[PDB]
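Enquirer: For reference, the structure I am asking about is given below.
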Amino acid sequence: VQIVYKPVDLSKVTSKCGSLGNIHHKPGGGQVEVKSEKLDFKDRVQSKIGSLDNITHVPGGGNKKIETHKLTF
Amino acid sequence: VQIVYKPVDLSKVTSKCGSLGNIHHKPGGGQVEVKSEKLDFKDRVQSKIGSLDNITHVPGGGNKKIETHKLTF
Amino acid sequence: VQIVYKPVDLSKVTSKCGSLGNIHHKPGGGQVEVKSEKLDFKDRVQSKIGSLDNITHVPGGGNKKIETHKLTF
């Protein structure tokens, strides 16, 4: 038995952008009010209140190549 | 048995953009109000209130190539 | 037995754009109010209130090429 696993990759993933800007992300400009009375809890509580984990992601590229090679015998 | 696994790739994934911008994302500009009275929780509680996990994602390319090669004998 | 697995790819996935912009996303501009009185929860609880998980995705390309090569003997 002979196996010759010989894939050839000459690909490209490319971008050109002339200018990139004037990006505004303003999450949670509005008021938040939370009121609690006579609450009972008897197992774990997780609470997040306000502006949390908001992302502004502005790469000049952001291009991806994902390549997977597998052989099983 | 002979196997010659010889795929060849000269592909391109390409973008050209002249300008990218004037992007406005404003989650949660409105008021949020939560009032809780006499509530009873006998198991785990998770709570999120306000403006959370919002994304502005503005890549100058954002092009993707996904390429899987598999052999099983 | 001989197998010669030799696919050849010279394909292009291409985009050209003059300008990309003036994009406005304003989720949750309206008021949210949540009164809650005498509720019993004998069970796990998850709650989300306000403006969550909103996305403004604005790639200058955003082109995709997905490619799978498979051989089973």
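Residue 1 is the first one shown; counting continues down the chain.
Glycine is treated like the rest: Cβ placed from N, Cα and C.
Dumping what Swiss-Prot says about this protein:
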type	residues	note
REPEAT	A:1-31	repeat 'Tau/MAP 3'
MOD_RES	A:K6	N6-acetyllysine
MOD_RES	A:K6	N6,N6-dimethyllysine
SITE	A:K6	site 'Not glycated'
MOD_RES	A:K12	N6-acetyllysine
SITE	A:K12	site 'Not glycated'
MOD_RES	A:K16	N6-acetyllysine
SITE	A:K16	site 'Not glycated'
MOD_RES	A:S19	phosphoserine
MOD_RES	A:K26	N6-acetyllysine
SITE	A:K26	site 'Not glycated'
REPEAT	A:32-63	repeat 'Tau/MAP 4'
SITE	A:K35	site 'Not glycated'
MOD_RES	A:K38	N6-acetyllysine
SITE	A:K38	site 'Not glycated'
MOD_RES	A:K42	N6-acetyllysine
CARBOHYD	A:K42	glycation site
MOD_RES	A:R44	omega-N-methylarginine
MOD_RES	A:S47	phosphoserine
CARBOHYD	A:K48	glycation site
MOD_RES	A:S51	phosphoserine
MOD_RES	A:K64	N6-acetyllysine
CARBOHYD	A:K64	glycation site
SITE	A:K65	site 'Not glycated'
SITE	A:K70	site 'Not glycated'
Enquirer: Under the DSSP assignment, what numbers of helix, strand and coil residues are found in the repeat 'Tau/MAP 4' (A:32-63)?
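Expert: Split into helix, strand and coil, the repeat 'Tau/MAP 4' (A:32-63) gives 0 helix, 19 strand, 13 coil.
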Enquirer: How long is the line from the C-alpha of A:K16 (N6-acetyllysine) to the C-alpha of A:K64 (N6-acetyllysine), rounded to the nearest angstrom?
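Expert: Just about 14 Å between their Cα atoms.
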Enquirer: State the Cα to Cα distance, in Å, between A:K70 (site 'Not glycated') and A:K35 (site 'Not glycated'), rounded to an integer.
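Expert: Their Cα atoms are separated by 56 Å.
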Enquirer: So if I draw a 10 Å sphere around the Cβ of A:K38 (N6-acetyllysine), how many other Cβ atoms end up inside it?
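Expert: Excluding its own Cβ, A:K38 (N6-acetyllysine) sees 11 Cβ atoms within 10 Å.
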Enquirer: Can you figure out which of A:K6, A:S19, A:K48, A:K64 (the recorded positions) comes closest in space to A:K38 (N6-acetyllysine), comparing Cα atoms?
Expert: A:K48
Enquirer: Return only the integer: C-alpha distance in Å from A:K64 (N6-acetyllysine) to A:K12 (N6-acetyllysine).
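Expert: One finds 10 Å between the Cα atoms of these residues.
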Enquirer: What count of other C-beta atoms do you get within 10 angstroms of the C-beta of A:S47 (phosphoserine), across all chains shown?
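Expert: Result for A:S47 (phosphoserine): 12 other Cβ atoms within 10 Å.
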Enquirer: If you count Cβ atoms within 10 Å of each one, which of the recorded positions A:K6, A:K35, A:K48, A:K70 comes out on top?
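Expert: Neighbour-count leader: A:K48.
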Enquirer: Sorry to bug you, but what's the C-alpha spacing from A:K65 (site 'Not glycated') to A:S47 (phosphoserine), rounded to the closest Å?
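Expert: Spelling it out, the Cα of A:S47 (phosphoserine) and the Cα of A:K65 (site 'Not glycated') are 38 Å apart.
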Enquirer: List only the single closest residue to the residue listed as 'omega-N-methylarginine', chosen from the recorded positions A:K6, A:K12, A:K35, A:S51, A:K65 by CA-CA distance.
Expert: A:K35
Enquirer: How many other Cβ atoms sit within 10 Å of the Cβ of A:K65 (site 'Not glycated')?
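Expert: A:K65 (site 'Not glycated'): 15 neighbouring Cβ atoms within 10 Å.
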Enquirer: About how far apart, in whole Å, are the alpha carbons (Cα) of A:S51 (phosphoserine) and A:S19 (phosphoserine)?
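Expert: Given the Cα positions, A:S51 (phosphoserine) is 30 Å from A:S19 (phosphoserine).
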